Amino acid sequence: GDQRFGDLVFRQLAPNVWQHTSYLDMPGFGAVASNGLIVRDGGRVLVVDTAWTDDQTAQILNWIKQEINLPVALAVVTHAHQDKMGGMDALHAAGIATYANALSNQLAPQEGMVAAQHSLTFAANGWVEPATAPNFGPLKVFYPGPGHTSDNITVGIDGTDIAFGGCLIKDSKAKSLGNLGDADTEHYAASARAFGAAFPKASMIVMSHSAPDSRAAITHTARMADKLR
């Protein structure tokens, strides 16, 4: 179920996949959860997204050492906001290779983030250019278009039923698309549907600010985004 580890929560989603969850006070909103992923690929571990802070991110690495006890080969982060990239220095201190959309790395300094070490670029159809994501194993990285942010990316996990929408996708009962201050309101719906179409077999949709849901998270998110146009 949920495993509490210090101030974080970890939940196994599949034999080789766990969700990490960390919390930060957003004055006016309460203590806000953010989710990312941990994937074992044979003898190594892959991380999707940091926690909000360096200290929390170091705790993710402590949990991995305790529960998996294999090296973390790389991390990929899914846009330049604090919940996704706030712990980059902890990853770098640990010697982990880090990857982000080129645009996320460009935006990182102005957003108050540390850039990843490596930049992903994307084909016109949204799929990552494979040479920019070497040794990603089962992580299949897709740029669905601008939506929650200009730079948001998404990740499928081959060999599982899981696709990770990050902060682009909200759950099937979500009331709003949330803060749209960095959003692309025109392109959001199409970007949500493009995520679904990229990972058509994924039955478990993981996202930053809701628990895992069915594909109704994608349809519901797109349908709410239809009203922004």
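Superpose the two forms; the largest set of C-alphas matching within 1.5 Å is the rigid core. For every residue, the number given is its place in the sequence shown, counted from 1.
When the other structures are laid on the shown form by the rigid core, the stretch among 23-31 and 180-188 with the greater C-alpha deviation in 6 other deposited structures of this protein turns out to be 23-31. Put simply, when the other structures in 6 other deposited structures of this protein are lined up on the rigid core, the C-alpha atoms of 171-179 lie farther off than those of the other stretch, from 171-179 and 54-62. Relative to one another, 199-207 and 46-54 have unequal mean CA B-factors, and 199-207 is the one with the higher figure. 216-224 and 6-14 differ in mean CA B-factor, and the higher of the two is recorded for 216-224. Of the candidates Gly112, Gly145, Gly156, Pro134, it is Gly145 whose Cα B-factor is highest according to the PDB record.
Annotation for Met26, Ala33, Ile60, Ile38: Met26 ranks highest, by Cα B-factor. When all modelled residues of the chain are sorted by CA temperature factor, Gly87 is found within the lowest third.
In the deposited entry, the Cα temperature factor of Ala94 sits in the middle third of values across the chain's modelled residues. In the PDB entry, a CA B factor belonging to the middle third of its chain's modelled residues is recorded for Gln106. When the CA B factors of the chain's modelled residues are split into thirds, the value for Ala116 lands in the lowest one. Per the deposited record, the Cα B-factor of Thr149 falls in the middle third when ranked against the other modelled residues of its chain.
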